[PDB]
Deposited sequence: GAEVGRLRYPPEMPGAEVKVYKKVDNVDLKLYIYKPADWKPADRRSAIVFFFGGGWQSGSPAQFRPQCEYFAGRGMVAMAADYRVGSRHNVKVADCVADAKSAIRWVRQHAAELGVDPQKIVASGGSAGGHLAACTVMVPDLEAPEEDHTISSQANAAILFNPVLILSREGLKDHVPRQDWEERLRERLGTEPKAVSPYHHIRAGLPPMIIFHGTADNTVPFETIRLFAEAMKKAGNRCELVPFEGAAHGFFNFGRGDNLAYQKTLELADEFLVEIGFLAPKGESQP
């Protein structure tokens, strides 16, 4: 089960942000035959936990998988309410910092700065959505001429409508649904139809409005599945395996990954 601080065997650790004397880390899984001159796609995972808890260990299985497939895969730590005096808008700033850091350091990471994927589950899927479509909420001292916007997203039962005391902004400013517009990066979404934490209908409504604006927004329902269905260990790792094979296919389709 998940522990914080996480153990991340085999990952290279880099501090991507220093803020209130906290050193926030990225845990980086490089593929075989990796070289700095490479231009691989990257994927950055944001754990779930209601913006209050959670662990980067959550997406360690997925990191190992996508590293095995030739991406530079990484799990980001970010500040959360039970550990740091933060609100949702601060978590957004951290998620954006992580994407900007990867892009800023793309040359030394062997990464194509235009093939950075944001990903996460629940609150972390909300953060990944924020890095593709929610404006502003940037760390004020960072270089805003380096974009923090990811080039694609892969979302595991995200929160996408926040339409209050722990947000740190007026709710629309952290609500991906309220920033749907044309010209957005492609994404795929996995959600359980029996999710009692985040109602499936909010996600269905989100995807229909994205498609109307011309965006590639694929929603894959998991019939009768509950919140968290996708994680390593839940069930018999069937949905775990299925989301990875569908996410893999999605990355191949958009040109970020080579076919197996």
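Student: Can you give me the gaps, meaning deposited-sequence stretches with no C-alpha coordinates, in sequence order?
Tutor: In the chain as deposited, 1 to 5, 169 to 185, 283 to 287 carry no coordinates.
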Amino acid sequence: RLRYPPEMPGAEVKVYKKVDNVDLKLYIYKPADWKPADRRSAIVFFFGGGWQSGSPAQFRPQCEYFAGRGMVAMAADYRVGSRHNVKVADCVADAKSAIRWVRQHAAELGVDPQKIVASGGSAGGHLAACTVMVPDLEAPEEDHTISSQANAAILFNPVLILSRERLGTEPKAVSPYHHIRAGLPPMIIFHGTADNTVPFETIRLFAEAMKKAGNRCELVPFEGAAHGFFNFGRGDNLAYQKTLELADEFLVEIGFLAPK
From here on, numbers count along this sequence of modelled residues.
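Student: Out of 56 to 64 and 33 to 41, which stretch has the higher average CA B-factor listed in the record?
Tutor: If you average the C-alpha B-factors of 56 to 64 and of 33 to 41, the larger mean comes out for 33 to 41.
Student: For the stretches 22 to 30 and 227 to 235, which has the higher mean C-alpha B-factor as given in the deposited record?
Tutor: Averaging CA B-factors over each stretch, the winner is 227 to 235.
Student: Just to confirm, going by the entry's C-alpha B-factors, which of 178, 84, 103, 166 comes out highest?
Tutor: The record points to 166.
Student: Sort 90, 112, 108, 143 by C-alpha B-factor from the entry and give me just the highest.
Tutor: Reading the PDB entry, the winner on C-alpha B-factor is 108.
Student: Ordered by C-alpha B-factor within the chain, which third holds residue 153? Give me lowest, middle or highest, please.
Tutor: Lowest third - that is where residue 153 ends up once the chain's C-alpha B-factors are sorted.
Student: Just say lowest, middle or highest third for the CA B-factor of residue 215 relative to the other modelled residues in its chain.
Tutor: According to the entry, residue 215 has a C-alpha B-factor in the chain's lowest third.
Student: For the chain shown, is the CA B-factor of residue 206 in the lowest, middle or highest third of its modelled residues?
Tutor: Middle third, going by the recorded CA B-factors of the chain.
Student: Comparing residue 73 with the other modelled residues of its chain, is its CA B-factor in the lowest, middle or highest third?
Tutor: Residue 73: CA B-factor falls in the middle third of its chain.
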